[PDB]
Structure formats: structure tokens, C-alpha cells
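Starting off, we have a lone chain in the form deposited in one PDB entry, written out as C-alpha cells.
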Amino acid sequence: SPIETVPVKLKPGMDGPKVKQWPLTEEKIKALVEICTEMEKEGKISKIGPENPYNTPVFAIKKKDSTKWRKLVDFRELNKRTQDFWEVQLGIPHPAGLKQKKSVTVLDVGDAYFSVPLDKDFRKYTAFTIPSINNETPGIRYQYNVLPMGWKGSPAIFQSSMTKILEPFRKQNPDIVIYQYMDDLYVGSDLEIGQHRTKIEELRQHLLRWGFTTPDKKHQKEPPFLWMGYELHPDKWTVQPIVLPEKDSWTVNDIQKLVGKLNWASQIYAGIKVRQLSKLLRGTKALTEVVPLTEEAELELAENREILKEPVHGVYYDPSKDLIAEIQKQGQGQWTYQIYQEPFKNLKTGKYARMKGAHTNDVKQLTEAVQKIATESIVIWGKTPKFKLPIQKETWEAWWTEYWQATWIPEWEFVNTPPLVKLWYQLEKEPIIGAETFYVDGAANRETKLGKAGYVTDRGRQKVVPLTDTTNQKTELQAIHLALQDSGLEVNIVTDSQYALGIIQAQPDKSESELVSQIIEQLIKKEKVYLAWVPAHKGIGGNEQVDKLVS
């Protein structure tokens, strides 16, 4: 309570909210009158009258306890008009980031937001009117004196207050670890249990002088500790049980729920896959649209169900040992990883399955995975792990010397866990002696929709194919497709398309485009391909002739 208030503003030129309250009932507004009478006696709210011109509607929901109710005010209108805040919650603590502690306690602050006072000048904007009796008569009105649940400033101002209150105790007790998440306090120490409990009593008293109760109901003294959705044992931690929907008929919304649960599960359950289930979400048009599971999605779901029936645990972090991150390839741009320090004792797991860009390859995606893990390791442990990667040193070497963009992977050692990551073909650096030379070209008419793709060769071969519903860039890809299709295992190709050369030179092994996928498949079957560029419309070599022909 005696905390100093945090001054807050409406956005410039804006007034407070002026809406109306809902469904207006004897039951509801007598429950309303009861709800607030105790808040007013506590001083959390104050009666107001009609010279306050503002209003906002109110409701309530049940708590995790599930006998208690949670008062909420639909402050959406007020929130849009309230000044912005810089949020101080930067992320979510993870149990794999905890070190083993001799003594552990978990506490929660009671009625946390309602213990922090609201800026006196701002209170008038939190007005809610509770009507009279089913809209017969004038109506009862209150304003908040404390942080309302539902106001966009409340979580930041509470966190900032909690930080200031804890600060003296933290500096005074730097060997006590306090994880502070909203009003939830994890307290770990290496003191004997008797001293530990004495330090806790001190902390509780300090919180109380500043008006933060710590009710016994939410004061955990023994393992397993329920914390942030996990269970903290002395040597290990588990996720609280994940139950997946078991529908016979699946809506889009059902699938979205399932994929979300699997992603949450993937932090500790190794090898989770969601590509085929997520595919079902594409191109659909309503959350209630029934979606039949494909065969692949059923298989993927059954595989994850097997994984989830086995129990798993993570361990805690030991700073005096190395972090190790191992990655495996699962197919179709899916990757899975584990982070550990001792073999077969995972701190956590995870997965990387994002499709970045229209055209890419496994080496790029492995590089992306490595970067995702590197970011998460810094968040959780403050450092980068050593990597174990299913890619040969020669393969990586081949990649970063040919590829024109700068790229890098930190300290890593090869691990032979097939399938390995590899380059699926490599363009020749010099023209191939004895190979046919194809001069390719494609053109489309911007208005028409219509185009041509064709080639001309030093061995006298030539060909033109007509194309409908195409583009300039597609006919060029198409022209390359044609040369690869009609040529031997070694071929020299010369195009004037910087676009097409750009895609192919990056050595993609997969693409959102069926045409580029076919070209990739053709490139993988060749023995040697040299691909060269010349500027168009310069009357050069074979280029002029093939140009000649697709006209």
C-alpha cells in the first residue's frame, strides 16, 4: 500500500471512456453490490457520483482455485486511450536455467494488483457504474483506488513496484536466488533448512510492511514445487501433464489447439513433429470447418502420442560444465534438438521447423536451427553451447567457400546420426569439356499470359515449347527445366536470367514452387552442370539465336 504512485497519462487529445454496463439483472447487480462492498471497506474502490462522466463495464471469472472469483473490467476502450508503457517483462524463466539449490520455497502475493495504489489523478477514468435494478433507477458507481485487473498499465506498474520492494532484500542477500514472475516468487538458497526458513520469514515480513501478503495457501515448503507450469523436484523437473484432444471429427480450431500443445510439449519431449498437422491448417476458411486428417497427419499424431506416453524429465543447470546442443534432421524442413551437459540427461529439448523463404536448402536451415538454439541458450544460461551437428566438415567447408553470403557456425563437432545434412549437387566452376552447350531463353508477354521457353545447342539441337498462364521469370526457369530435361548427365547451360541464375546458384534442395522443385530434382540427377550468364539483347553467341527462336 504505502508504495509511491506511478504517474500515468491518457494519450494526447483523448478523453476517458464513456460506455455502458451489461446484462442487467437482480442476481447480477446484487452480486455486484456484494462484490464491491468489501473492496470499498478495504479502500480498494470508492463510490462516485454523476459529476464523473466516465464509465466502463465489469464482469467476473473463476480462479485456478475454482471457488474464488476474479473481478475483471472490460477496459478495452480505456486501454486504447491510455499512454503506452515499456514492458519490463522481457521473457519467461525456464526450469532448465535453474541451478540445484539446497533449500527451495515458492510464495505468491495475495490480491497482488489490489495492493498497489493507482495514480490519484487517473482514478476518475476507471469509473464503472453498476445499475440500479435492471435499469429502473439511477445506479451505483465506483472508481478504482488500486491497479485494476484488465487495465493495460496494471501489469507493468505492479512489476515495477514488486521490483522496488524486493530490491533491498536482494542486495542484502545476494546468495539467495529470487525468481520474480509477476507476484510469484521462487526463492532458492544453499543455507540449511532452518536458516533458509528464517530468511523466508524475514522476506515475508518485509513484503508485509509494504502491504504484500503471502497467504499460507500459496506458500510451498516441500517438493514437488508447482512453478510456472512445472514440477520442481530436487534432482529433476517435469512439465505438468499435457492432455491432447482425442476427437473423432476435427475442426480447424481443434487442430490449432493440438499443434499448440505439441509445441509446448516439445520443450522436454524429444522428437515432436507438427509439420503434417499444421499443413491441415493451410488454405482453410473457418475455425469451425471440419478438416479430415490426412494419412500423414494421423501418422505424425500417432508418433507424437507414442513419445508423450513415455515419462520424461529435465535436469538443472550446472555452471561448471559445458552446455552441449545436438541436432537431428527429421525431414521436410523439420529439426529437433536436445541440450545437455552429461549424456542422456537433457536440460531441455526443442524443435525448429520454420520455412524461411521460397527456396532454401538443408544447410541454410541447419544454420537457422543453430541460430535459434544460440539465442535461446543465451536467454536461459547466458552463454552459447557447443554443437553436435549431423553435417560433415567437408560439406560445411564446401558450402561456405562457394556461397556468396557470409555465413558461420560456432564451435561444433560432427556427429554421425543419419540422415546427414549435405549439399545435393554443386555447380561446376568451369565449363565441362565434351558436354553439350545449351543456350536457353524464355519470354512471356505481360498482357497476354502467354510465353515460350526453348533452347539452341552447339550440337544442332533446338526446341521451343509454348506456355500459358505464365510470367517472365517462370518462362526462364521453364527454359532451364527444358535443357536439363533434354541433356545428358553433363551439360553446359547459358541463360540471360539473373533471376533464375540467382536461385539455382544458391543450391536449393527444396522450394515452395513446383517448377523450381522439378529443376532441383533434375539437378540432383546430373553428374556435372555448368551454368553461365550473359546479358540479353547483345547479339551474343548462342544467346542471340535462341532469343531469335522464342520470338
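Only the largest set of C-alpha atoms that superpose within 1.5 Å between the two forms is called the rigid core. Residue numbers here begin at 1 and follow the sequence given.
What comes next is about the form deposited in another entry, which does not appear here.
- Core superposition between the shown form and the other one leaves every listed residue (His94, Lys71, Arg275, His206) with a C-alpha shift below 2 angstroms except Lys71.
- Comparing the forms between the shown form and the other one on their rigid core, the Cα displacement of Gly539 stays under 2 Å.
- Superposition of the core reveals a Cα shift of less than 2 Å for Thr294 between the shown form and the other one.
- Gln240: CA moves less than 2 Å between the shown form and the other one after rigid-core fitting.
- A shift of at least 3 angstroms brings the Cα atoms of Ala31 and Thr67 nearer to each other in the other entry than in the displayed structure.
- The pair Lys218 and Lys64 is at least 3 angstroms farther apart at the CA level in the other entry than in the present model.
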